[PDB]
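Taking it in order: structure first as structure tokens, then the write-up.
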Amino acid sequence: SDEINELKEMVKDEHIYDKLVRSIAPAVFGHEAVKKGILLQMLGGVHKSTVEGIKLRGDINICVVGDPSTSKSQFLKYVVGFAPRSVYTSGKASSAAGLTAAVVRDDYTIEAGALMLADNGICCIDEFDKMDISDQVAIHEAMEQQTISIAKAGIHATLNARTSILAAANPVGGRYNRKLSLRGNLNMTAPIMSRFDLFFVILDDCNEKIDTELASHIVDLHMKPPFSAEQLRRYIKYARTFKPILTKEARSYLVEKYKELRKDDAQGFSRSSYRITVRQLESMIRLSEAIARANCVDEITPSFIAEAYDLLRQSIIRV
Amino acid sequence: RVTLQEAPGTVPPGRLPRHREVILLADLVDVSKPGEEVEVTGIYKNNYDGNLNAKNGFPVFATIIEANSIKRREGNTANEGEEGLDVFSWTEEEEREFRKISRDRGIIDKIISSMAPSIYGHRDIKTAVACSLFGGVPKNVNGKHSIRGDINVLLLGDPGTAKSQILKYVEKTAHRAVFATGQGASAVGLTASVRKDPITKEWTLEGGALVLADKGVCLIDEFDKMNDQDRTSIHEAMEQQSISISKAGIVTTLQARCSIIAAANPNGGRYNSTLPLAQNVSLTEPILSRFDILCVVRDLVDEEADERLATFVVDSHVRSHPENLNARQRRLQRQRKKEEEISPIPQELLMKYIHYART
Amino acid sequence: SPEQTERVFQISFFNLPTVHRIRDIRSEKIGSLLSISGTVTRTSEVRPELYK
Amino acid sequence: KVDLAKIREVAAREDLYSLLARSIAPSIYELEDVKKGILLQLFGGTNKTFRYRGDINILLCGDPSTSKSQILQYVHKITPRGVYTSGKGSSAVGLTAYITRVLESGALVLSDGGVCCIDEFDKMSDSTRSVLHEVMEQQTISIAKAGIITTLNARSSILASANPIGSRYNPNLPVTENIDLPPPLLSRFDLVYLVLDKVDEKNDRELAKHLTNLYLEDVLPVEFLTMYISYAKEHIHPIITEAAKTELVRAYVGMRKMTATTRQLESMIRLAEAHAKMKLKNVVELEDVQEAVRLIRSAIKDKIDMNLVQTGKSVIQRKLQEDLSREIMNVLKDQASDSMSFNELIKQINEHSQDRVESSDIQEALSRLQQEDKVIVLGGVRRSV
DNA sequence: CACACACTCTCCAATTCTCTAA
DNA sequence: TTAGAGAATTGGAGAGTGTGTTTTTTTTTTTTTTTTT
Ligand SMILES: Nc1ncnc2c1ncn2[C@@H]1O[C@H](COP(=O)(O)OP(=O)(O)NP(=O)(O)O)[C@@H](O)[C@H]1O
Ligand SMILES: [Mg+2]
């Protein structure tokens with residue numbers, strides 16, 4: 001009951017959703033839309049199994065991209081410190097079998113990889129653009145189908161990988177070439193570009209009032225948040241127990257907001273997309289469920305779909 | 001004896017799988033093949049033996065399951081409606097129901113609409129999946145010559161288009177099936193390999209995915225992303241439906257009568273409709289000709305097909321939500337209600353109808 | 001009901017004043033209650049001892 | 001097998017920082033700023049629990065023809081704990097850790113607060129370079145094998161040494177190129193010294209006459225220095241003063257106006273702690289901060305070359321992207337195809353378009369243009385959108 | 001095989017029990 | 001009441017029977033998987 005009075009004090013608050021994105025990664029100055037994404041990643045969508053035996057992904061995948069200098073890895077430091085069932089790994093150190101699973105001998109057996117060791121939690125991947133593409137493709141089943149399946153020597157197998165991915169990346173050339181849409185800054189192709197639910201570009205654009213604020217934070221961080229890590233961890237474990245329901249006004253609004261994303265991504269005489277697939281429709285479902293989990297409400301309003309839709313526009317629009 | 005080990009999807013990750021010795025007696029022998037997920041009922045027993053008591057240094061007894069029945073954990077498994085040791089067996093009142101529906105005018109188009117009933121559109125893929133899932137007829141001519149009866153299918157296309165969900169549905173629906181993926185599948189994890197025992201320490205065969213799916217289906221997700229050295233192991237099992245090993249003084253031929261369903265993406269990750277097929281894909285004529293249905297999926301934008309698709313996907317999330325006359329029977333009237341909104345035919349009936357039509 | 005057996009009680013002492021390392025172990029302390037700190041490398045099956 | 005008053009003799013002194021520098025390595029001729037920084041690495045900054053830590057990391061770079069390896073030896077002689085090894089000197093798992101018939105442990109571990117000396121660092125294999133990011137950025141290692149799931153604390157101050165690849169280090173060309181070493185690992189060092197000098201009589205007349213001065217006969221705390229270091233590391237734990245904060249910010253702003261990532265501010269904070277731990281001062285002040293800068297300026301000034309990029313080379317990559325755009329459009333106009341063999345691409349682009357650009361730069365610009373989706377590569381074959 | 005150890009079988013005499021007369 | 005002769009039970013000599021013991025284990029080829037080449 002000593003703890004229940006704190007959850008009661010939290011869920012009653014007029015502005016709790018603001019207090020949550022301000023309590024995430026408190027050692028990192030600014031980047032408030034990334035704080036918001038990381039909160040939603042730790043809440044997740046509702047996992048669903050269809051009457052046809054087809055499984056649907058509930059977990060959210062976030063990609064952070066930016067300059068090689070601009071704080072991205074301090075999120076990965078934070079998340080692997082905060083979130084249960086989590087691992088750190090990175091691109092140059094990577095391999096296909098290091099990420100997923102390897103086969104070991106001397107009879108053969110499974111050696112668990114980074115995406116299995118983080119099953120029901122977050123796999124944090126650093127240096128992601130520097131990962132060899134032959135090792136990058138190994139996660140395409142584990143990102144979407146949430147299982148790793150294997151056929152080698154005498155050991156065929158199928159393994160769980162119900163893991164959220166948080167990936168940190170550098171542009172090809174270091175500097176985010178602001179002249180380009182995200183689809184051109186980064187060595188990723190449509191198969192994996194469409195797997196991540198949303199992308200954040202983050203930058204250190206040199207300006208003196210920002211520079212003086214940031215330097216002031218980094219010196220005060222040397223021994224100079226509205227919630228504690230112990231409070232925020234208990235709030236999340238509470239929020240994760242809701243399974244939000246899509247109301248009829250939200251169901252009908254969601255179809256029009258997906259049409260408005262999908263109409264604009266079209267290119268060439270064929271009207272082919274590149275970023276918008278139905279994985280981004282299911283991403284609005286996953287995000288509006290996590291947005292509802294943070295509010296501790298069992299039912300989705302269309303305003304939570306608007307908040308999800310702006311979190312998708314914030315990845316797409318760069319000209 | 002059968003050494004039975006924990007199932008890798010229930011074994012917590014990074015912790016070792018446990019095993020037990022199981023004993024099969026008269027009429028239970030030869031019931032299960034190495035590598036199946038099996039469910040045993042039996043008597044848990046123990047006996048003295050000195051080797052335990054010697055090496056462990058305590059009065060400790062070895063334990064054995066004397067098996068009294070065996071079931072093979074096929075189907076969807078998160079399902080209360082599927083009793084008995086064989087989920088693909090039918091009763092007489094079920095065979096009579098197959099005969100009734102088989103003479104429905106338009107039964108083919110009902111069955112095709114029931115392939116992955118929660119995936120919208122793609123009726124050409126559902127058609128190709130239905131044909132591969134029932135198969136043709138295998139033929140032998142005066143004993144001299146033979147023709148392949150299995151139908152192979154290539155799902156080639158753009159991202160986020162249910163190529164992988166169609167394959168994961170066929171793994172639930174087919175009688176014997178095996179699933180494999182890209183860099184996770186080797187030349188001899190498909191096919192077959194030779195093992196050396198640590199004790200008797202001479203050579204034996206271990207069967208790969210195309211043996212463990214024999215009279216069944218092998219599902220190859222991200223087929224374009226296999227190594228060419230691994231991908232070219234399939235060429236014998238596509239047409240000759242065999243695996244001819246000659247390794248370590250073992251020289252022999254296994255049978256491998258699978259249908260193979262494969263899913264791939266084009267070069268650059270997207271289909272480019274102005275190019276010929278041989279330029280959209282990194283494959284070549286000997287493997288492209290072994291596939292005998294090709295499905296091309298283009299994810300083009302359209303303001304009304306994307307309303308119909310988005311409506312179906314939104315309704316499919318609400319219907320599949322985990323919070324949407326005794327309880328063990330009463331759950332089946334709601335499972336039947338939800339399933340029959342989507343599908344012309346019950347999925348439990350279609351699984352048994354397919355196995356019946358194949359056998 | 002059948003007859004139900006004698007219950008065996010595991011007395012579980014805890015919260016000792018002092019902790020020993022694996023390198024601090026000495027035969028002089030045989031049969032005496034210690035606490036030991038260490039990291040697990042392996043665990044065996046759960047097996048039945050013949051107790052009585 | 002096989003007193004406090006002495007600290008006060010040293011700790012009161014006017015010359016103190018220069019005394020300690022000239023007595024950690026008394027055979028070594030000059031290189032005074034190298035000695036002065038290595039000294040701060042021996043003491044280190046400050047630590048806290050509830051992030052950053054008082055470990056410090058230093059790279060030496062320059063011709064193989066000089067005493068810099070002998071410095072790496074003196075540091076191994078002076079330091080508490082620590083290990084000496086080199087870049088080619090083991091497999092990756094032999095430098096980090098492994099599992100056997102059960103922990104194998106290497107040079108990058110079992111030296112918490114101790115100087116991990118490494119030589120030949122330029123010719124370390126890249127699989128072995130890729131060991132260090134978790135250690136240098138998070139003080140830690142992660143492993144999982146054979147039922148073991150585990151993390152290990154690495155916690156070593158690295159002292160690295162590197163040669164130029166091949167011939168003498170050219171001074172015009174950049175430090176990132178001339179070591180052939182990746183900027184996100186290079187940017188991970190707190191200080192990088194170009195340990196270089198020319199043939200120079202007005203030095204070498206002294207150095208040769210100093211080196212041969214050793215053979216002529218039958219202030220230097222020769223042991224008390226390593227004990228002074230040990231007692232300083234035991235007892236002294238600095239803190240930032242408000243009068244230090246205003247300068248740490250102002251100097252970082254000056255360097256940002258001048259060209260300074262926030263890793264420079266993190267380096268300044270930890271060095272200014274070590275320069276307060278030296279003098280045993282237990283408190284960080286303006287007079288300590290100004291040496292932390294002056295040492296960094298003496299290191300870097302003596303744009304930070306990330307991705308091996310330079311301003312006068314990234315403009316060239318953008319001109320090469322334009323060169324591919326025009327070169328394919330004019331052939332689409334004049335020739336009976338929108339595609340050409342790569343031999344005929346090198347035989348337009350390399351022969352008269354510009355100063356000589358090799359096939360690897362063409363493949364870079366063209367790949368970044370596949371990502372922008374303006375040409376299709378097939379198999380050797382390239383075709384316009 | 002053959003030569004020590006482990007273990008049982010059998011006989012013989014050594015000791016203690018019991019009764020009688022000095 | 002002591003002390004000495006005759007009867008019964010136990011100890012252990014020693015004869016007899018039965019069992020286990022040598023003992024190794026790297027080396028050299030063949031394979032299949034990861035990764036560092
Ligand atoms: N036509 C569809 N109808 C309903 N749901 C769909 C449809 N197409 C895709 N989806 C859903 O969106 C996701 C993408 O399907 P998936 O099978 O993972 O894509 P895929 O075609 O194999 N793409 P990829 O893995 O990138 O090559 C899954 O959750 C599907 O359930
Ligand atoms: Mg797929």
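Residue numbers start at 1 in each chain; chains themselves are named A, B, ... in the order of the structure tokens; ligands are numbered from 1 in the order shown.
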
What parts of stretch 92-281 of chain B does DSSP call alpha helix (DSSP H)? I'd like the answer as a PyMOL selection string. chain B and resi 92-102+107-113+123-134+163-173+209-212+228-231+235-239+277-280

Show me, as number ranges by chain, every residue of chain B with an atom at most 12 Å from chain C, counting only C-alpha atoms. B: 15-20, 44-49, 52-53, 56-64

Applying 6 Å and only C-alpha atoms (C1' of nucleotides), which residues near stretch 294-302 of chain A remain after dropping the ones on its own chain fewer than 4 positions away? List them as a list in words. residues 239, 244, 245, 246, 247 and 250 of chain A

Could you write out that same residue set with N, CA, C and O atoms as a PDB file, in the first residue's frame?
```
ATOM      1  N   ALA A 239       1.248   0.431 -16.286  1.00  0.00           N
ATOM      2  CA  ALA A 239       0.721   0.810 -17.590  1.00  0.00           C
ATOM      3  C   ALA A 239       0.721  -0.349 -18.598  1.00  0.00           C
ATOM      4  O   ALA A 239      -0.255  -0.542 -19.318  1.00  0.00           O
ATOM      5  N   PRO A 244      -5.422  -1.546 -24.436  1.00  0.00           N
ATOM      6  CA  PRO A 244      -6.366  -0.569 -24.969  1.00  0.00           C
ATOM      7  C   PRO A 244      -7.188  -1.051 -26.169  1.00  0.00           C
ATOM      8  O   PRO A 244      -6.713  -1.816 -27.001  1.00  0.00           O
ATOM      9  N   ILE A 245      -8.423  -0.569 -26.272  1.00  0.00           N
ATOM     10  CA  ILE A 245      -9.410  -0.931 -27.290  1.00  0.00           C
ATOM     11  C   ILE A 245      -9.640   0.251 -28.239  1.00  0.00           C
ATOM     12  O   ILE A 245      -9.792   1.392 -27.806  1.00  0.00           O
ATOM     13  N   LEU A 246      -9.683   0.000 -29.541  1.00  0.00           N
ATOM     14  CA  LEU A 246      -9.890   1.015 -30.557  1.00  0.00           C
ATOM     15  C   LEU A 246     -11.383   1.335 -30.706  1.00  0.00           C
ATOM     16  O   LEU A 246     -12.145   0.523 -31.225  1.00  0.00           O
ATOM     17  N   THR A 247     -11.812   2.509 -30.241  1.00  0.00           N
ATOM     18  CA  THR A 247     -13.220   2.932 -30.305  1.00  0.00           C
ATOM     19  C   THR A 247     -13.684   3.207 -31.735  1.00  0.00           C
ATOM     20  O   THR A 247     -12.872   3.498 -32.610  1.00  0.00           O
ATOM     21  N   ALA A 250     -12.405   6.280 -33.431  1.00  0.00           N
ATOM     22  CA  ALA A 250     -10.974   6.096 -33.666  1.00  0.00           C
ATOM     23  C   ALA A 250     -10.681   5.158 -34.853  1.00  0.00           C
ATOM     24  O   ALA A 250      -9.824   5.464 -35.674  1.00  0.00           O
TER      25      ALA A 250
END
```

Fewer than 5 positions away in the same chain doesn't count, so skip those; otherwise give me all residues within 6 Å of residue A:113, counting only C-alpha atoms (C1' of nucleotides), as number ranges by chain. A: 98-101

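In this model, the gap between atom CA of residue D:116 and atom CA of residue D:140 comes to 14.4 Å.
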
Taking only C-alpha atoms into account, report as a VMD selection string which residues of chain A lie within 7 Å of chain B. chain A and resid 48 to 54 112 116 to 117 138 149 to 154 156 159 to 160 189 to 191 246 251 255 259 262 to 263 266 270 to 273 277 to 279

Go ahead and write the selection's residues with C-alpha atoms as a short mmCIF file (atom, residue, chain, number, x, y, z; two decimals), in the first residue's frame.
```
data_model
loop_
_atom_site.label_atom_id
_atom_site.label_comp_id
_atom_site.auth_asym_id
_atom_site.auth_seq_id
_atom_site.Cartn_x
_atom_site.Cartn_y
_atom_site.Cartn_z
CA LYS A 48 -2.45 -9.89 -31.05
CA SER A 49 -3.01 -13.42 -32.39
CA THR A 50 -5.54 -13.77 -35.20
CA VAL A 51 -8.26 -16.47 -35.50
CA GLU A 52 -6.31 -17.74 -38.60
CA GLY A 53 -3.26 -18.48 -36.32
CA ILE A 54 -1.43 -15.38 -37.79
CA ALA A 112 21.68 -17.65 -28.16
CA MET A 116 17.15 -13.77 -28.13
CA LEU A 117 18.90 -12.58 -24.94
CA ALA A 138 19.65 -11.42 -40.49
CA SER A 149 14.06 -19.92 -37.57
CA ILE A 150 17.04 -22.13 -38.48
CA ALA A 151 18.12 -25.10 -40.62
CA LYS A 152 21.83 -26.14 -40.15
CA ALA A 153 23.61 -29.57 -39.92
CA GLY A 154 21.34 -31.75 -37.64
CA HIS A 156 16.57 -27.28 -37.40
CA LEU A 159 13.22 -19.55 -31.52
CA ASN A 160 11.45 -16.56 -29.89
CA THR A 189 16.98 -0.18 -48.08
CA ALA A 190 13.14 -0.29 -48.16
CA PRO A 191 12.88 -3.84 -46.56
CA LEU A 246 -9.89 1.01 -30.56
CA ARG A 251 -11.35 3.11 -36.13
CA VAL A 255 -8.35 4.88 -42.02
CA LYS A 259 -4.77 7.49 -46.53
CA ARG A 262 -0.05 7.02 -48.17
CA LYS A 263 -1.28 9.55 -50.83
CA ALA A 266 3.73 8.06 -54.10
CA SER A 270 3.38 3.66 -61.40
CA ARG A 271 2.59 5.57 -58.10
CA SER A 272 4.97 3.27 -56.12
CA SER A 273 5.56 4.18 -52.44
CA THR A 277 3.53 0.35 -46.36
CA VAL A 278 0.76 -1.23 -44.21
CA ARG A 279 3.50 -1.68 -41.53
#
```

With only C-alpha atoms (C1' of nucleotides) as the counted atoms, please give the residues lying no more than 8 Å from stretch 251-267 of chain D, apart from itself and same-chain residues fewer than 2 positions off, as a list in words.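 Answer for this query is residues 69, 206, 208, 211, 212, 215 and 218 of chain A; 187, 188, 190, 247, 248, 249, 269, 270, 271, 293, 303 and 304 of chain D.
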
Excluding same-chain residues fewer than 2 positions from residue A:111, what lies within 7 Å of it counting only C-alpha atoms (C1' of nucleotides), as a ChimeraX atom specification? /A:101-104,109,113 /D:145

Please dump the current selection as a short mmCIF file (atom, residue, chain, number, x, y, z; two decimals), in the first residue's frame; keep N, CA and C atoms.
```cif
data_model
loop_
_atom_site.label_atom_id
_atom_site.label_comp_id
_atom_site.auth_asym_id
_atom_site.auth_seq_id
_atom_site.Cartn_x
_atom_site.Cartn_y
_atom_site.Cartn_z
N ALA A 101 21.22 -16.24 -33.77
CA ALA A 101 21.79 -17.40 -33.10
C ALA A 101 22.90 -18.01 -33.96
N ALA A 102 23.89 -18.63 -33.33
CA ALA A 102 24.90 -19.45 -33.98
C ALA A 102 24.68 -20.93 -33.71
N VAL A 103 25.34 -21.79 -34.47
CA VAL A 103 25.39 -23.23 -34.22
C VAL A 103 26.80 -23.64 -33.77
N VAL A 104 26.90 -24.30 -32.61
CA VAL A 104 28.14 -24.70 -31.92
C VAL A 104 28.20 -26.23 -31.83
N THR A 109 24.37 -27.65 -31.52
CA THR A 109 23.39 -26.99 -30.64
C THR A 109 23.29 -25.49 -30.92
N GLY A 113 21.75 -15.54 -29.45
CA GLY A 113 22.26 -14.24 -29.89
C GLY A 113 21.63 -13.03 -29.21
N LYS D 145 27.62 -17.17 -23.39
CA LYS D 145 27.96 -18.48 -24.00
C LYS D 145 27.77 -19.62 -23.00
#
```

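Put simply, atom CA of residue D:319 is 26.2 Å away from atom CA of residue D:336.
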
Residue A:66: which residues within 6 Å, counting only C-alpha atoms (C1' of nucleotides), same-chain residues fewer than 6 positions away excluded, as a PyMOL selection string? chain A and resi 170+201-203

Selection from above, C-alpha atoms, as a CSV table (one decimal), in the first residue's frame, can you write it?
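And here's result-v6.csv as it stands now:
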```
chain,number,residue,atom,x,y,z
A,170,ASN,CA,25.5,7.7,-38.5
A,201,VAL,CA,16.9,12.8,-36.9
A,202,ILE,CA,18.9,14.5,-34.1
A,203,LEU,CA,21.6,17.2,-34.7
```

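Near chain D, within 12 Å and counting only C-alpha atoms (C1' of nucleotides), the residues of chain F are residues 35, 36 and 37 of chain F.
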
For the atom pair atom CA of residue A:85 and atom CA of residue A:24, what is the interatomic distance in Å to one decimal place?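 According to the coordinates, atom CA of residue A:85 and atom CA of residue A:24 are separated by 17.7 Å.
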
Give me, as a ChimeraX atom specification, the residues of stretch 17-214 of chain A that a backbone DSSP run labels strand (DSSP E or B). /A:48-49,55-56,62-66,87-90,101-105,108-112,122-126,147-152,155-160,164-169,198-202

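The shortest atom-to-atom distance to ligand 2, with only C-alpha atoms and all ligand atoms taken into account, belongs to A:143 out of A:65, A:118, A:143, A:284.
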
Given a cut-off of 9 Å, which residues of chain A touch chain D, counting only C-alpha atoms, written out as a PyMOL selection string? chain A and resi 27+68-71+77+87-89+92-93+111-114+117+172-175+180-181+183-189+206+208+211-212+214-216+218-224

With distances taken over only C-alpha atoms, which residue among D:21, D:278, D:208, D:148 lies nearest chain C?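 Between D:21, D:278, D:208, D:148, the residue approaching chain C most closely is D:148.
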
Check which residues of chain A sit at most 7 Å from ligand 1 using only C-alpha atoms and all ligand atoms, and return one row each with the closest pair of atoms and their distance in Å to one decimal, ordered by chain and rising number, as a Markdown table.
```
| residue | atom | partner | partner_atom_place_in_ligand_line | distance |
| --- | --- | --- | --- | --- |
| A:56 | CA | ligand 1 | 29 (O) | 5.3 |
| A:57 | CA | ligand 1 | 29 (O) | 6.5 |
| A:140 | CA | ligand 1 | 25 (O) | 6.5 |
| A:141 | CA | ligand 1 | 25 (O) | 7.0 |
| A:144 | CA | ligand 1 | 18 (O) | 5.7 |
| A:145 | CA | ligand 1 | 18 (O) | 6.4 |
| A:191 | CA | ligand 1 | 26 (O) | 4.6 |
| A:278 | CA | ligand 1 | 12 (O) | 5.1 |
| A:279 | CA | ligand 1 | 12 (O) | 4.8 |
| A:282 | CA | ligand 1 | 12 (O) | 6.9 |
```
